[PDB]
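**Student:** Below: the sequence, then the experimentally determined structure.
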Amino acid sequence: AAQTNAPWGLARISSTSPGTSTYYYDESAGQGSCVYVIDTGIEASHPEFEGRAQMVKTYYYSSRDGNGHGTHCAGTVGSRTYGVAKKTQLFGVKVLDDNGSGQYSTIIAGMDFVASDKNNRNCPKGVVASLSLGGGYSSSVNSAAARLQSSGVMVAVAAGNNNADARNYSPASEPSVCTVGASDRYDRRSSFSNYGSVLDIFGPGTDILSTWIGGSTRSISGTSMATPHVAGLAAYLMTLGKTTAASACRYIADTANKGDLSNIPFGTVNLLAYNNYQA
């Protein structure tokens, strides 16, 4: 399948070169998979989600996304126009308030929630969790991400936006999950992207168009935007049967575009997420 005039990041993940604008992908499109977006919520009524998104949990007075961040990330996972895996099921877990903040205790509870809640959902092709969040190093936060992964969920986490080594941030620094840095449309490391040996992969993260609250759209930047590209890619590849939740990060690294990014610090992987789809 071909989506013309796609957001640059979608075109990038199906291309061996920057500078194109058509996204190519297998029509299975993540059908039968599920992606949890652990964030500020999801505006599930947005036409772009086509009834495939729902809120399943909140720790606050509402499950609605009063911020936009979670809706944007969910759109990059799975919206019809802005999403990688256009037929996946999206489940929102609101661990962040409408200012975008959350206590680590709530974030940990949300991860353990997903590890159990997947047993209440129909995801025959597999389960992914996208975590566009983080703060300073916490062994308890890392352990929660490790449990979620161990339970059979492909966990993708943002590297962080500090232009620093991600070893000092959580859950970015957890070795067993997929830690995602950000790149721009010219294949440069995004100016804010964290780096370091704990990164597994880069995805598009600068000037990413996606859904927003109020039935709208906007372009924003962050490792928060790169993470759902990888989460949606994992769901798409799991639906194709090419990998599993336990092996998808490694598979994405195996099949990535290699050595194509600029300003990658010595010791950080030079790997850009790629779907290897041959039309």
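**Tutor:** Everything's here; your move. Numbering: from 1, shown residues only.
**Student:** and the residue nearest to residue 44 when sequence neighbours are not counted, what is it in contact with?
**Tutor:** Among residues not flanking residue 44 along the chain, residue 53 sits closest, at 4.1 Å (Cβ to Cβ, 6 or more residues apart in numbering). All C-beta spots, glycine's among them, are computed from the backbone N, C-alpha and C. Residue 53 sits next to 42, 44, 46, 74, 78, 89, 90, 91, 92 when contact means Cβ atoms under 8 Å, 6 or more residues apart in numbering.
**Student:** and with 10 Å instead?
**Tutor:** Each residue near residue 53 by Cβ atoms under 10 Å, 6 or more residues apart in numbering is listed here: 35, 37, 42-46, 71, 74-75, 77-79, 88-92, 211.
**Student:** Buried only: go through those residues for me.
**Tutor:** Among the contacts of residue 53, those classed as buried by 16 or more other Cβ atoms under 10 Å are 35, 37, 42-44, 46, 71, 74-75, 77-79, 88-92, 211.
**Student:** if you look at these, which of them are in strands?
**Tutor:** 35, 37, 89, 90, 91, 92, 211 (DSSP state E).
**Student:** Just put those residues in a markdown table and tack on distance to residue 252.
**Tutor:** Listed next are those as a markdown table, based on distance: Cβ to Cβ, whole Å:
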| residue | distance to residue 252 |
| --- | --- |
| 35 | 15 |
| 37 | 18 |
| 89 | 20 |
| 90 | 20 |
| 91 | 21 |
| 92 | 24 |
| 211 | 24 |
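**Student:** Tell me the buried residues in the helix ranked longest in the chain?
**Tutor:** As assigned by DSSP state H, the longest helix anywhere in the chain is helix 223-239. Neighbour counts over helix 223-239 (16+ other Cβ under 10 Å) mark 223-239 as buried.
**Student:** next one: stretch 183-199
**Tutor:** 183-185, 187-190, 192-196, 198-199.
**Student:** you'd agree residue 252 is in a helix?
**Tutor:** Yes. Per DSSP: H, G, I helix; E, B strand; the rest coil, residue 252 lies within a helix segment.
**Student:** Burial check on it, number of neighbours?
**Tutor:** 27 (other Cβ atoms under 10 Å).
**Student:** do the same with residue 272
**Tutor:** Residue 272 has 25 nearby residues by other Cβ under 10 Å.
**Student:** Any idea what it is bridged to?
**Tutor:** On the basis of DSSP bridges, residue 272 is bridged to residue 202, residue 257.
**Student:** Offset the numbering so it begins at 88, please.
**Tutor:** Sure, I'll start numbering at 88, so the last one becomes residue 359.
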